[PDB]
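First up is the structure itself, then whatever we jot down about it.
Here is the naming used below: chain letters follow the sequence lines, and residue numbers restart at 1 for every chain. Below, each value reflects all heavy atoms present in this structure, side chains not excepted, and no hydrogens, waters or symmetry copies.
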Amino acid sequence: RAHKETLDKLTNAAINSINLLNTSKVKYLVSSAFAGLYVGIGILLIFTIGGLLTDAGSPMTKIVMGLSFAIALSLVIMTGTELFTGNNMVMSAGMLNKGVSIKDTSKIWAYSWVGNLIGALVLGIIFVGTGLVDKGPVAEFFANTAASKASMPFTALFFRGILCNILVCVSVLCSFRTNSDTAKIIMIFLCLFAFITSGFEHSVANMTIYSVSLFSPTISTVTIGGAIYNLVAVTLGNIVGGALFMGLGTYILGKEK
Amino acid sequence: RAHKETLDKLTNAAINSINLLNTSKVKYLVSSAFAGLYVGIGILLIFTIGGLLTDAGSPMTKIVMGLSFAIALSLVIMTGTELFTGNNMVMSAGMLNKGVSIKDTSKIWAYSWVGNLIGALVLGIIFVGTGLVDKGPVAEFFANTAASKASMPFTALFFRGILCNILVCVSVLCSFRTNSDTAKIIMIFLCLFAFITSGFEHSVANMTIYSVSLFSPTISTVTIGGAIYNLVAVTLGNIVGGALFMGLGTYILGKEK
Amino acid sequence: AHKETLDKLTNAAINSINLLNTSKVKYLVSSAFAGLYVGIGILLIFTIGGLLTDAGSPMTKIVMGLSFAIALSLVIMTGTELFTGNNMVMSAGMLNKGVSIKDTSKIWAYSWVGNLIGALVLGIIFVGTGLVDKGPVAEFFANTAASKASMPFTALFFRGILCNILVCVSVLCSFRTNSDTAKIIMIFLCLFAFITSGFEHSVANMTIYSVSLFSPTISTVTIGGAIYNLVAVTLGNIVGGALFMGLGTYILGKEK
Amino acid sequence: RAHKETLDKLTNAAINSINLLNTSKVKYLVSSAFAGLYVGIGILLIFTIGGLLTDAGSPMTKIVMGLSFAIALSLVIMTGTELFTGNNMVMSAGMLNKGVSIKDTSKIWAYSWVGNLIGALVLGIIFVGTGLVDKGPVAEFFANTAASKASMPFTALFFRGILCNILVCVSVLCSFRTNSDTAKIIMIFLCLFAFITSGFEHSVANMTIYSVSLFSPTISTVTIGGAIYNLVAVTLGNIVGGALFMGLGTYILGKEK
Amino acid sequence: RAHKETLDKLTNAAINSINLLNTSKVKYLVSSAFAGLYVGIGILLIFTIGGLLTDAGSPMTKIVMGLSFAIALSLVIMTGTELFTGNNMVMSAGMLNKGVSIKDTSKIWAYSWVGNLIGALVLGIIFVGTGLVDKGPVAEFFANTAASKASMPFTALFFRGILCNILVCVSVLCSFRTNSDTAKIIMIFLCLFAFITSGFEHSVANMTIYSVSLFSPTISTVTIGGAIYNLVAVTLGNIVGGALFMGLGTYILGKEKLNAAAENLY
Ligand SMILES: CCCCCCCCO[C@@H]1O[C@H](CO)[C@@H](O)[C@H](O)[C@H]1O
Ligand SMILES: CCCCCCCCO[C@@H]1O[C@H](CO)[C@@H](O)[C@H](O)[C@H]1O
Ligand SMILES: CCCCCCCCO[C@@H]1O[C@H](CO)[C@@H](O)[C@H](O)[C@H]1O
Ligand SMILES: CCCCCCCCO[C@@H]1O[C@H](CO)[C@@H](O)[C@H](O)[C@H]1O
Ligand SMILES: CCCCCCCCO[C@@H]1O[C@H](CO)[C@@H](O)[C@H](O)[C@H]1O
Ligand SMILES: CCCCCCCCO[C@@H]1O[C@H](CO)[C@@H](O)[C@H](O)[C@H]1O
Ligand SMILES: CCCCCCCCO[C@@H]1O[C@H](CO)[C@@H](O)[C@H](O)[C@H]1O
């Protein structure tokens, strides 16, 4: 039971993050851009899988996709780059613990969110240039998924955003609670398996879904307005999951009061 | 063999548990709520898998479910949160070893059970909010499974509860006997694989099964009375498995006379 | 590091007899746990056997093998007393003069009986679940028990030999590594090999027969059949664990 | 984050590579040759798989290929041999951090490329000598893939080269950021799964694809020209991903300014 | 790097190996017998899989077989027993580094080879005793495979031996380069997956294939003549892959070329 020690670590991570931004916006945005790109790589992989298996009428499609998404957050954690969603639990916890302020928190959130988007846009442009979404089941999978994500009612997206960032943030929490990098990766694998296959919504992964779909000439299904709609609802849910549940929760567990 | 060392660890853990509760009810309940919700996350995943594969008439359904449940107790162990079924072995061993009283034991059992339920209820509510059990295979898998669990004879449920918590508690026992976080997860993975696929009954997991089934307007195959009937029977079996077998068993192995 | 490994087996054999001498209750409880833990693996893979056989899957025996790891993993990770592993440990320690032949047949008899008690307890409770009342799982239990009891002695014996080479070698590996993950992986590999290849394990068979005989579901087994298989497989296990692994590890580690 | 220490490790690794070359061309070229062959060994495996599953009409072909390619970079990393692609991030980061010169960088790039090719040629010759590509589904998978890679448009190969080496190099980046050899291998497995299954292009791996196809008398439709066309386009893409993204990126993250 | 330390370890191993053989021929042959039998255990498993999936017309057959062969070298490495094929790299490297002599080498190679063969025969004899190859797809898989290996052209068998032992030895090489036992097993799992599925030939493993078939009663369609053929070709291949490639390779990488006390790099 190292709840106190854990809260200390979260607090210290929150302090490191705002310090980094204060020290250098370039370093912070480059870090954020890597993470958004790393997450997008997971999307490129499982949407390829989605296309191959959906085309095949496989009933295992969504299961194989969940099993195969682990690389997204594994890369972020193993490279120590800045990810908006995890920042929800970290900043909220550290703020509550008086290590950082409400101002530092909204700042980290806004920069990391925008920086992650930069990575998704860059990934989308390059992926399109591969010609891999020119035509076929993979392009179709992007188009249909982007459309479904954009036409889904707000309430549903929001709540899917909550459960998603509970899983993402708890996998980040595990990485703070162990010294085994392998166990970190395993826990990340399990959590991303759970959230992808269950149907939960991640704001940063979705950036790449819309990035690819919008930059691609072969895909005329969704528009920027749709992307913004989905992203706003999912981002708000992510925040509630990561800050209101995980952040507030771990503070309460760890706060020597 | 380290049987004494293990008993000392169990005894320490029991003491630390009752101290947390005595120190702060809010912390204890928040911790319990977390565990309940983490276990529930496993149910959402494997029930999604259930619906998917059952609809397709796959023979692998229950095997894939068992293989995919690991996250449930993996999250509990890696976050160090209070789980009722695990507390059955810990408090019991510690009690026999005079580390904690009978009253402490009943108190810890009652609070964790309720806290676990709070987490299940919350998860259930939010999950229904996702729209993910609005219609289709997953909703039907929840409704049908909840029903078959609620109509099964008491004796059958009881004994399934015994075998389940032997497995859950032995997976917890293993984590007290290794310093390797990966080995803990692996053993947890194996144990949950065994108890899910074999057909054994877990009270805290069942909490989420019924919270979803009752909170969802598209699920009316069961009633509160049914959920209560199952929970009582299964809880009773869980307790026997955890305290009578694992608790007393580990006490006997490690008690220097 | 053969020498140090022999030392480890010798100390383990010494610890076993000392435990039995100090407390029969503790030794039999430990034994009962191991038998139950192994039985748990049988409950899992026979559930799988039922499900996949019913479906005419060619992968049935391959999935059973991959899924049996929990059986010896639980034993190893809980530090409980398993008969089959004891065949190598005691024989090695015996040849090394850490324990006597008398100690060895005493440990072998007590762990065997204690393993059985675990199997019986498990069978009874598992039948109580109603999980083998009817269906392909109950049928897989009945059919497997029946085929194992009717098989010729010589076949069971040699299948018992190869099974315990694999089981005891996985135990040997656990003495040669400080990594718990490595132990479990080798156990996984070895049980995969012995289940899927079709070798026979006495202790696991105990649960096969306690379940089949405790279940009112009609089979062609009988107690005479169970005892037959158990005797044939146990002797086989003993040769493979004692004559091969026990003797071999002693020869490798003995400074002579 | 340990960005400074990471950049420091990259720089020392770059310094060590040029040192080795300057000390002994034979040593460096033997190391390079090993890496090229180790990578080629991955190709023999997944192209055997590709053949078997292609001939079966399995929709899982590319998924199984991706999952089975881990050995390629795992061997390189575990043997500490010189691989051209990974050298793109390492020499560029080290060069930006003023540990090695631009000349050292293009020297290491030229020598490791040629060394890698020699391994691929040695492997290709020996493989053909086994008679495994005399005829059949594996021979045809080598023949057809070599052709489709040689006839693909430059821009598509280029961008696929970029994304491939971001994945290879980030997997190399991870090996620099953990002391766990198991975690190194898991991350390599993930990154190679992602790049293979997604369809990205790797220059060194293609060397073996073309050595096998060209050395094989089992008639096909490639030619040295087509091989040169593909290798040039993919190599340039690899360089951009490894140097311009990963090298520059990690340099900015860890630079003391 | 760290090739120099690795070369030291290979040299020390070759030394320990010849010391043991000189200390006790009984201890060395028992070790070699274990290793041969551990490898064969892998064959019994994956050949059972062969039969089961071949008879079902599965396309995943050779993939599942490759994935399932890891136990063979995993047991050898984890038990620290003497396996002929690994000895090709070890002895050759140590020899080049002047830790052991050409005579020392050929003696280890000869004794380990024979020791491994003993384990296979003993394993084959016991396996047939199970009746598991009395009749059916598994018995047939052994028969058919033993035939094809015995009736394959020499050059092909030779080159398949080379690539096999490159893969077997590089996995042994990885075990010298890591302190993580789990990573050792994983790398072994990968290399044996690759070598089995790709279709390369391992001499020691083939000792059990022919052992089972020549001790098996249900027909032959083979002949010891075939076994000797295969075993001879594959063995020379193994030695080349292990000694010429991996042995010489690691030496070159790790020999600090100050010394030079004899030869010059460039
Ligand atoms: C490529 C350039 C990216 C620029 C992103 C800047 C996002 C600014 O975001 C704003 O930052 C303020 C502090 O400056 C905070 O007070 C606000 O809460 C926040 O919205
Ligand atoms: C975070 C959401 C991703 C925003 C990426 C916007 C990139 C838009 O990209 C543009 O989209 C237009 C239509 O939408 C197309 O007509 C253009 O061809 C395309 O370049
Ligand atoms: C949401 C608030 C949850 C409070 C749960 C408290 C229920 C306590 O319940 C009782 O606790 C006693 C000790 O206090 C035990 O002795 C009794 O066995 C138990 O029934
Ligand atoms: C895909 C599942 C494979 C899991 C492989 C587990 C590899 C973990 O590796 C193990 O990690 C431990 C940390 O707990 C360390 O103590 C051990 O030294 C190390 O071998
Ligand atoms: C421990 C078992 C969980 C009990 C939670 C009961 C919450 C019930 O909740 C109610 O369920 C009714 C039907 O069941 C619905 O008609 C109502 O809309 C809903 O509010
Ligand atoms: C639940 C009761 C089970 C008790 C099992 C006791 C079996 C004793 O077994 C016997 O023990 C003797 C020494 O006591 C040895 O000399 C014999 O070799 C051994 O067969
Ligand atoms: C047998 C294989 C020998 C290969 C030696 C390659 C020598 C490469 O040499 C390098 O080439 C670079 C461009 O190619 C130049 O930029 C460098 O100045 C030059 O040193």
Side-chain angles (χ1 to χ4, degrees), chain D residues 13 16 20 23-31 33-34 37-38 41-49 52-58 60-61 64 67-72 74-75 77-81 122-123 125-132 134 137-138 179-186 189, chain E residues 1-3 6 58-63 66-67 152-153 155-164 166-167 170-171 173-175 177-187 189-191 193-201 237 241 245-246 248-250 252-257 264-266:
Chain D
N16 290 359
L20 178 59
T23 286
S24 169
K25 275 60 183 182
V26 177
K27 277 175 168 264
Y28 191 93
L29 291 173
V30 159
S31 184
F34 264 130
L37 180 151
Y38 290 155
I41 273 173
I43 292 289
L44 307 190
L45 172 61
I46 75 170
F47 271 42
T48 297
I49 288 173
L52 287 166
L53 301 184
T54 287
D55 191 42
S58 160
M60 291 281 297
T61 298
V64 181
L67 295 166
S68 301
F69 192 58
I71 186 172
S74 302
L75 282 177
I77 292 302
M78 292 300 280
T79 59
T81 44
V122 169
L123 182 56
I125 289 181
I126 299 174
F127 186 57
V128 165
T130 62
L132 288 167
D134 276 347
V138 172
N179 285 319
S180 171
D181 286 341
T182 291
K184 295 179 186 180
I185 297 159
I186 296 174
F189 161 71
Chain E
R1 194 171 48 201
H3 309 311
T6 299
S58 182
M60 291 283 301
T61 292
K62 293 166 177 175
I63 301 174
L67 292 169
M152 171 169 290
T155 295
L157 288 175
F158 174 74
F159 285 101
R160 297 188 189 192
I162 289 183
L163 294 187
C164 172
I166 280 180
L167 272 162
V170 81
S171 83
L173 180 56
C174 291
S175 62
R177 291 185 54 97
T178 186
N179 286 317
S180 173
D181 284 343
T182 296
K184 300 190 186 167
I185 300 168
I186 298 170
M187 293 310 296
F189 157 74
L190 295 177
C191 293
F193 176 19
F195 114 60
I196 287 294
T197 297
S198 299
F200 308 148
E201 298 273 332
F245 283 75
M246 302 304 306
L248 181 53
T250 56
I252 295 181
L253 293 184
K255 185 87 164 179
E256 67 283 18
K257 243 74 187 216
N264 291 271
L265 281 185
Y266 161 93

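To the nearest 0.5 Å, atom CE of residue D:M78 and atom CD1 of residue E:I186 are 8.5 Å apart. For the atom pair OG (D:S68) and CG (E:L67), the distance works out to 6.5 Å, reported to the nearest 0.5 Å. Between the OG1 atom in E:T197 and the CD1 atom in D:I49 there is a gap of 6.0 Å [rounded to 0.5 Å]. Separating the CZ atom in E:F200 from the OG1 atom in D:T130 is a distance of 6.5 Å, to the nearest 0.5 Å. Rounding to the nearest 0.5 angstrom, the gap separating the CD1 atom in D:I41 from the CG atom in E:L167 is 4.0 Å.
For D:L132, the parts lying under 4.5 angstrom from a heavy atom of chain E are both the backbone and the side chain. Of the two parts of E:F195, neither the backbone nor the side chain holds a non-hydrogen atom closer than 4.5 Å to a non-hydrogen atom of chain D. If you measure heavy-atom distances from D:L37 to chain E, the contacts under 4.5 Å come from the side chain alone. No part of D:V138 comes within reach of chain E, as not one of its non-hydrogen atoms sits under 4.5 angstrom from that chain. For E:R160, the parts sitting under 4.5 Å from any heavy atom of chain D are the backbone and the side chain alike. For a residue to count as touching a neighbouring chain, one of its non-hydrogen atoms must lie under 4.5 Å from one of that chain's; by this rule D:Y38 touches chain E with the side chain only. Using a 4.5 Å cut-off between heavy atoms, D:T48 contacts chain E through its side chain alone, with no backbone atom that close. Interface residue D:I126: backbone and side-chain heavy atoms are both found under 4.5 Å from chain E. Of the atoms belonging to E:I162, it is side-chain heavy atoms, and not backbone ones, that fall under 4.5 Å from chain D. If you measure heavy-atom distances from E:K184 to chain D, you find no contacts under 4.5 Å at all.
Side-chain contact check for D:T79 versus E:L253: every heavy-atom pair is 4.5 Å or farther apart. The shortest distance between side-chain heavy atoms of E:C191 and D:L75 falls below 4.5 Å. Within the 4.5 Å cutoff, the side chain of D:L53 has heavy atoms near those of the E:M60 side chain. E:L265 is listed as a side-chain neighbour of D:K27, based on a closest heavy-atom distance under 4.5 Å. Using a 4.5 Å cut-off on side-chain heavy atoms (C-beta onward), E:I166 and D:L123 make no contact. Between D:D181 and E:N179 there is no side-chain heavy-atom pair separated by less than 4.5 Å. When side chains are defined from C-beta on, D:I185 counts as touching E:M187, because their heavy atoms get closer than 4.5 Å.
When each of D:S180, D:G80, D:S58 is checked for heavy-atom pairs under 4.5 Å with chain E, D:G80 comes out on top. Ranked by non-hydrogen atom pairs under 4.5 Å with chain E, the options D:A56, D:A70, D:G129, D:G131 are led by D:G129.
Between E:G249 and D:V30, the shortest heavy-atom distance links the atoms O-CG1, 4.2 Å. Between E:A194 and D:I71, the shortest heavy-atom distance links the atoms CB-CD1, 3.7 Å.
Summarising the local packing, NZ of E:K255 is surrounded by more than 12 heavy atoms from other residues, nucleotides or ligands at distances under 6.0 Å.
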